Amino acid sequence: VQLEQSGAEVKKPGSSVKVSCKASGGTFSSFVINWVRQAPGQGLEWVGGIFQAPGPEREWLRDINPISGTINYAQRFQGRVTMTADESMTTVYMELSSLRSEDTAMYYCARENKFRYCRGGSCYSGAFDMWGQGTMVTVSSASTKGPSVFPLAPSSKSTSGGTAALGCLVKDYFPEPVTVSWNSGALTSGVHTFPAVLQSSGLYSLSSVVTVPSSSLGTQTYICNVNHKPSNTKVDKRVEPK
């Protein structure tokens, strides 16, 4: 019914990672479970696929059976990716070894039905019709570190007409993600929490800004709630005028 993948992973270069894809509402039986990866900005890349045989082949139909081997890997990953399934066929794993920084990517599992339809002596696929939510895999030499949170104080230099901008700078953390809310989720409108940027230091940095009526400065209290779960770091920063 639905594909649920394991949680985000952070790995040092040269290491290995093992990501799981679990079926809810049934079994992977008779499907190919594929793995597709997507480097942070880039397009999709097939890693390989593993077929979950419902049972022994009926060999009088061997010549038109569309399955060519239970396990297929893209050439780029041969020798360092292993795909397995448990005997229940409710979980398929992808283990990727000798990790490199270019292996940093979101890893999706996706179900493929190679027996979508048949006609005239051959059967055709339904493509990748059901996708897991993705498992982010970060490959970096950096060590886990909670952010420093600094105010982005409103000023005359951050007002236009009757509206002011203020924010929080969330600097020097590893790894992704952080969450930022404002006033414990009470203000969401007008908030821009920018995509983190990876600094040359290997640590990430992010700002979160919000626009508010200028007549609220020094009357309304503004707190950014920063949560960096990988380092167990939570910070509430009051942001007030210059």
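When you see a residue number, it is the position in the sequence shown, counting from 1.
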Can you tell me whether 190-198 has a higher mean C-alpha B factor than 47-55 in this record, or the other way round?
47-55
Higher-scoring stretch by recorded Cα B factor average, 61-69 or 33-41
61-69
Which listed residue, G134, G161, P147, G167, has the largest C-alpha temperature factor in the record?
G161
Sorting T179, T27, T211, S208 by Cα temperature factor from the record, which one lands on top?
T27
Classify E95 as lowest, middle or highest third according to the C-alpha B-factor given in the PDB entry, relative to its own chain.
middle
Place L152 in the lowest, middle or highest third of its chain's C-alpha B-factors, as listed in the PDB entry.
lowest
Would you mind ranking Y107 by its C-alpha B-factor against the rest of the chain and naming the third, lowest, middle or highest?
lowest
Please place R80 in the lowest, middle or highest third of its chain by C-alpha B factor as given in the entry.
highest
Chain thirds of CA B-factor: placement of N232:
highest
